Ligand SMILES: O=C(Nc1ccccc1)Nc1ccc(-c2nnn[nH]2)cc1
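In the form deposited without the ligand, a lone chain appears below as structure tokens.
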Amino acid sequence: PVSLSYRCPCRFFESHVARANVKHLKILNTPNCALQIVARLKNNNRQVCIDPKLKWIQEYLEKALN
């Protein structure tokens, strides 16, 4: 049983992000972590972990889901 090590990049999340504030989403392949979504923001290029429960996220992911 070889365990692999991976650090969860997101410990905190932001819920005050609108679809228009985002340049793109990054969804980390760390299914072991509760927060896997990082948004690269427009204007300043800051990266922030966002609330997975934001309604616009599933719309943004549109076809890959719906």
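One rule holds for the numbers: they count along the sequence shown, beginning at 1. Residues that one form lacks are left out of the comparison. Between two forms, the rigid core is defined as the largest C-alpha subset superposing within 1.5 Å.
Q. If you average the CA temperature factors over each stretch, which comes out higher, 3 to 11 or 55 to 63?
A. The stretch with the larger mean CA B-factor is 3 to 11.
Q) Quick one: higher average CA temperature factor, 23 to 31 or 37 to 45? A) According to the entry, 23 to 31 carries the higher average C-alpha B-factor.
From this point on, the text means the form solved in complex with the ligand, which you will not see here.
(Q) Check residue 16 for me: does it contact the ligand in the deposited complex (non-hydrogen atoms, 4.5 angstroms)? (A) Looking in the deposited complex, residue contacts with the ligand include residue 16, since a heavy atom lies within 4.5 Å.
**Q.** residue 53: touches the ligand in the deposited complex, heavy atom cutoff 4.5 angstroms
**A.** No - in the deposited complex, heavy atoms of residue 53 and the ligand never come within 4.5 Å of each other.
Q. Hey, in the deposited complex, is residue 37 touching the ligand, heavy atoms inside 4.5 Å?
A. Residue 37: no contact with the ligand in the deposited complex.
Q: Would you check, heavy atoms only and a 4.5 Å threshold, whether residue 41 touches the ligand in the deposited complex?
A: Taking the distances in the deposited complex, the answer for residue 41 is yes, it comes within 4.5 Å of the ligand.
**Q.** Shifted regions of at least three residues between this form and the one not shown, judged by C-alpha displacement of 2 Å or more after core alignment
**A.** Runs with every C-alpha shifted by at least 2 Å: 1 to 7, 63 to 66.
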